[PDB]
Every structure is written in C-alpha cells, then in structure tokens.
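A.B. asks: One structure coming up, written as structure tokens, with questions to follow.
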Amino acid sequence: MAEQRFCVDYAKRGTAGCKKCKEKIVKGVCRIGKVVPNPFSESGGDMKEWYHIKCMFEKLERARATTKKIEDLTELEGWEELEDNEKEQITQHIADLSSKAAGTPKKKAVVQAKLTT
Ligand SMILES: [Zn+2]
C-alpha cells in the first residue's frame, strides 16, 4: 500500500511554519503540498503541508536512495501554474540534488557569497 500525492503551489496570503526548518512560508516563497493518508483519525483522512525549496529538496538528499520522490520537473500537480522563470529555479534544485550527467562527478559542495545592492 504505497500512495503518495505531491502538488506545487506558490504562497498567496498568510505565513505558515514550513516543516524540517525554523522558518515560515510568506508571500513570495514556492512550496510543494504532499497529500498522504494518515491511519489515525477518521475525520482527518489525508492532510497536506507546504515546504520550502531547500527544505523539501534537502530531505531527499538525506532520505534513503532505494525510494525516490519528485522526478524531473513535470511529475507534480501545480508546476504548470508556476512561470517559466520560477520553473527554471525549481529545475536548478533537481540538477544540483541529482548532478552527475556526463563528466561532472561532485560530492559535498557548499559556497558562501554575500552581495549587496
Ligand atoms: Zn522550510
């Protein structure tokens, strides 16, 4: 019994504490909604939560490899509403989280840049 539903939506109004981090989702942040059935209450059948772009993608890097979630940039209900510019930012996360395509094997890479305008 493995049923998992994921959706893509953008923040519209109000702030919500994202899961897996000490932050909140405010207008201007894109979040994915995961609808899973919880075997505990009868009224609360399936619940959905919003995540950040690094929190949801960071969980995949730590989650087990045998199971994969969210493949490519066209396997979720919501990316169509997003815009081409915003879609490019989401594709970069999967390319950095997956990497290794032809000749670029890299592991554990972090950079700290500070620019002011
Ligand atoms: Zn977060």
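Identifiers in this document derive from the order of the structure tokens: chains are assigned A, B, ..., residues are numbered from 1 separately in each chain, and ligands are numbered from 1 in order of occurrence.
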With a distance cut-off of 8 Å and only C-alpha atoms, select the neighbouring residues of residue A:57, excluding the residue or stretch itself and same-chain residues fewer than 2 positions from it, and output the selection as a tab-separated table (two decimals) with C-alpha atoms, in the first residue's frame.
C.D. replies:
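Full text of result.tsv as output:
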```
chain	number	residue	atom	x	y	z
A	53	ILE	CA	12.67	24.91	-1.98
A	54	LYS	CA	15.74	23.77	0.08
A	55	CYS	CA	13.85	22.02	2.97
A	59	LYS	CA	15.08	15.86	2.80
A	60	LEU	CA	15.58	13.86	-0.46
A	61	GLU	CA	19.41	14.11	-0.12
A	93	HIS	CA	17.45	22.35	-7.43
A	94	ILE	CA	16.88	18.91	-9.07
A	97	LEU	CA	20.41	17.48	-6.00
```
A.B. asks: Counting only C-alpha atoms and all ligand atoms, which residues in chain A sit no more than 6 Å from ligand 1? For each one, give the nearest pair of atoms and the distance in Å, sorted by chain then residue number, as a tab-separated table.
C.D. replies:
```
residue	atom	partner	partner_atom_place_in_ligand_line	distance
A:18	CA	ligand 1	1 (Zn)	4.3
A:19	CA	ligand 1	1 (Zn)	5.6
A:20	CA	ligand 1	1 (Zn)	5.9
A:21	CA	ligand 1	1 (Zn)	4.7
A:23	CA	ligand 1	1 (Zn)	5.6
A:51	CA	ligand 1	1 (Zn)	5.4
A:52	CA	ligand 1	1 (Zn)	4.3
A:55	CA	ligand 1	1 (Zn)	4.7
```
A.B. asks: Those same residues, written as a short mmCIF file (atom, residue, chain, number, x, y, z; two decimals), in the first residue's frame with N, CA, C and O atoms?
C.D. replies:
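Saved the output as selection-v7.cif:
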```cif
data_model
loop_
_atom_site.label_atom_id
_atom_site.label_comp_id
_atom_site.auth_asym_id
_atom_site.auth_seq_id
_atom_site.Cartn_x
_atom_site.Cartn_y
_atom_site.Cartn_z
N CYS A 18 7.11 26.33 7.83
CA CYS A 18 7.42 25.15 6.95
C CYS A 18 7.95 24.00 7.83
O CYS A 18 8.44 24.21 8.92
N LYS A 19 7.85 22.78 7.35
CA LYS A 19 8.35 21.61 8.15
C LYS A 19 9.84 21.37 7.88
O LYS A 19 10.35 21.74 6.83
N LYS A 20 10.55 20.75 8.80
CA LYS A 20 12.02 20.47 8.62
C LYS A 20 12.86 21.77 8.65
O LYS A 20 13.93 21.82 8.06
N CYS A 21 12.43 22.80 9.35
CA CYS A 21 13.25 24.06 9.43
C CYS A 21 12.66 25.06 10.45
O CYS A 21 11.52 24.95 10.83
N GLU A 23 11.71 28.17 10.00
CA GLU A 23 11.33 29.34 9.16
C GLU A 23 9.82 29.31 8.86
O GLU A 23 9.10 28.47 9.37
N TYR A 51 6.14 23.11 1.90
CA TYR A 51 7.59 23.06 2.22
C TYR A 51 8.35 24.19 1.51
O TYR A 51 7.79 24.90 0.70
N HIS A 52 9.62 24.35 1.79
CA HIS A 52 10.43 25.41 1.11
C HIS A 52 11.11 24.79 -0.12
O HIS A 52 10.88 23.64 -0.43
N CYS A 55 14.29 23.03 1.93
CA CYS A 55 13.85 22.02 2.97
C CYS A 55 13.33 20.75 2.29
O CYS A 55 13.76 19.66 2.61
#
```
A.B. asks: Can you list, as a PyMOL selection string, every residue of stretch 26-105 of chain A that DSSP puts in alpha helix (DSSP H)?
C.D. replies: chain A and resi 53-62+84-98
A.B. asks: Would you save the residues from that selection as an mmCIF file, in the first residue's frame, using N, CA, C and O atoms?
C.D. replies:
```
data_model
loop_
_atom_site.group_PDB
_atom_site.id
_atom_site.type_symbol
_atom_site.label_atom_id
_atom_site.label_comp_id
_atom_site.auth_asym_id
_atom_site.auth_seq_id
_atom_site.Cartn_x
_atom_site.Cartn_y
_atom_site.Cartn_z
ATOM 1 N N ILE A 53 11.967 25.521 -0.798
ATOM 2 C CA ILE A 53 12.673 24.913 -1.977
ATOM 3 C C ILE A 53 13.896 24.115 -1.483
ATOM 4 O O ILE A 53 14.237 23.099 -2.051
ATOM 5 N N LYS A 54 14.554 24.549 -0.425
ATOM 6 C CA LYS A 54 15.737 23.771 0.079
ATOM 7 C C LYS A 54 15.298 22.733 1.128
ATOM 8 O O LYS A 54 15.873 21.665 1.212
ATOM 9 N N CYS A 55 14.292 23.027 1.930
ATOM 10 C CA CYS A 55 13.853 22.024 2.969
ATOM 11 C C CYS A 55 13.335 20.749 2.291
ATOM 12 O O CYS A 55 13.762 19.655 2.612
ATOM 13 N N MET A 56 12.410 20.875 1.364
ATOM 14 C CA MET A 56 11.865 19.646 0.684
ATOM 15 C C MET A 56 12.954 18.975 -0.157
ATOM 16 O O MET A 56 13.049 17.762 -0.185
ATOM 17 N N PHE A 57 13.789 19.740 -0.828
ATOM 18 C CA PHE A 57 14.876 19.095 -1.640
ATOM 19 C C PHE A 57 15.986 18.579 -0.707
ATOM 20 O O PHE A 57 16.626 17.589 -1.004
ATOM 21 N N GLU A 58 16.208 19.219 0.431
ATOM 22 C CA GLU A 58 17.269 18.707 1.368
ATOM 23 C C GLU A 58 16.826 17.359 1.960
ATOM 24 O O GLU A 58 17.638 16.477 2.163
ATOM 25 N N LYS A 59 15.543 17.182 2.232
ATOM 26 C CA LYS A 59 15.082 15.863 2.804
ATOM 27 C C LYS A 59 15.420 14.726 1.825
ATOM 28 O O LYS A 59 15.838 13.659 2.234
ATOM 29 N N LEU A 60 15.250 14.946 0.537
ATOM 30 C CA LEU A 60 15.576 13.859 -0.456
ATOM 31 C C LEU A 60 17.060 13.474 -0.336
ATOM 32 O O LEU A 60 17.399 12.306 -0.316
ATOM 33 N N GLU A 61 17.948 14.446 -0.247
ATOM 34 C CA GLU A 61 19.414 14.109 -0.119
ATOM 35 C C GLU A 61 19.660 13.245 1.130
ATOM 36 O O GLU A 61 20.507 12.372 1.122
ATOM 37 N N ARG A 62 18.927 13.474 2.201
ATOM 38 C CA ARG A 62 19.132 12.647 3.442
ATOM 39 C C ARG A 62 18.233 11.393 3.426
ATOM 40 O O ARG A 62 18.584 10.380 3.999
ATOM 41 N N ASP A 84 7.647 30.341 -16.303
ATOM 42 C CA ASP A 84 8.937 29.800 -16.876
ATOM 43 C C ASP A 84 10.133 30.241 -16.020
ATOM 44 O O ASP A 84 11.011 29.450 -15.727
ATOM 45 N N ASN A 85 10.177 31.491 -15.611
ATOM 46 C CA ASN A 85 11.335 31.954 -14.763
ATOM 47 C C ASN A 85 11.346 31.173 -13.445
ATOM 48 O O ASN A 85 12.353 30.605 -13.066
ATOM 49 N N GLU A 86 10.229 31.121 -12.751
ATOM 50 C CA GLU A 86 10.192 30.345 -11.460
ATOM 51 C C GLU A 86 10.479 28.865 -11.749
ATOM 52 O O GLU A 86 11.172 28.207 -10.996
ATOM 53 N N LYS A 87 9.962 28.334 -12.843
ATOM 54 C CA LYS A 87 10.232 26.888 -13.170
ATOM 55 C C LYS A 87 11.745 26.661 -13.314
ATOM 56 O O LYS A 87 12.265 25.650 -12.879
ATOM 57 N N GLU A 88 12.460 27.594 -13.912
ATOM 58 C CA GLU A 88 13.950 27.409 -14.061
ATOM 59 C C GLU A 88 14.597 27.275 -12.672
ATOM 60 O O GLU A 88 15.490 26.471 -12.479
ATOM 61 N N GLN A 89 14.153 28.051 -11.700
ATOM 62 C CA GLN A 89 14.759 27.940 -10.324
ATOM 63 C C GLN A 89 14.476 26.550 -9.736
ATOM 64 O O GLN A 89 15.328 25.965 -9.093
ATOM 65 N N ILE A 90 13.295 26.009 -9.955
ATOM 66 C CA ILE A 90 12.992 24.640 -9.402
ATOM 67 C C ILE A 90 13.850 23.600 -10.142
ATOM 68 O O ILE A 90 14.389 22.694 -9.533
ATOM 69 N N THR A 91 13.991 23.725 -11.449
ATOM 70 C CA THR A 91 14.835 22.731 -12.204
ATOM 71 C C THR A 91 16.280 22.767 -11.681
ATOM 72 O O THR A 91 16.924 21.740 -11.571
ATOM 73 N N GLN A 92 16.797 23.936 -11.353
ATOM 74 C CA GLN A 92 18.210 24.006 -10.831
ATOM 75 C C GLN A 92 18.344 23.151 -9.560
ATOM 76 O O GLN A 92 19.333 22.469 -9.373
ATOM 77 N N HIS A 93 17.355 23.177 -8.684
ATOM 78 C CA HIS A 93 17.453 22.347 -7.427
ATOM 79 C C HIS A 93 17.590 20.860 -7.790
ATOM 80 O O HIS A 93 18.447 20.172 -7.266
ATOM 81 N N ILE A 94 16.763 20.358 -8.686
ATOM 82 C CA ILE A 94 16.880 18.905 -9.068
ATOM 83 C C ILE A 94 18.242 18.655 -9.735
ATOM 84 O O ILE A 94 18.874 17.643 -9.492
ATOM 85 N N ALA A 95 18.710 19.571 -10.559
ATOM 86 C CA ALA A 95 20.050 19.362 -11.213
ATOM 87 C C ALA A 95 21.148 19.359 -10.141
ATOM 88 O O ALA A 95 22.056 18.550 -10.183
ATOM 89 N N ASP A 96 21.064 20.242 -9.166
ATOM 90 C CA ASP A 96 22.107 20.251 -8.082
ATOM 91 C C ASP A 96 21.902 19.027 -7.177
ATOM 92 O O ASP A 96 22.853 18.383 -6.774
ATOM 93 N N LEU A 97 20.664 18.687 -6.866
ATOM 94 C CA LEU A 97 20.414 17.482 -5.997
ATOM 95 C C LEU A 97 20.787 16.193 -6.754
ATOM 96 O O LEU A 97 21.241 15.236 -6.155
ATOM 97 N N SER A 98 20.607 16.153 -8.064
ATOM 98 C CA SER A 98 20.969 14.909 -8.828
ATOM 99 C C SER A 98 22.397 15.027 -9.378
ATOM 100 O O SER A 98 23.252 14.219 -9.070
#
```
A.B. asks: Residues at most 8 Å from stretch 29-36 of chain A, counting only C-alpha atoms, excluding those fewer than 3 positions away in the same chain, as a ChimeraX atom specification?
C.D. replies: /A:3-11,25-26,46-53,56
A.B. asks: Smallest atom-to-atom distance to residue A:37: which of A:102, A:117, A:1, A:75, using only C-alpha atoms?
C.D. replies: A:1
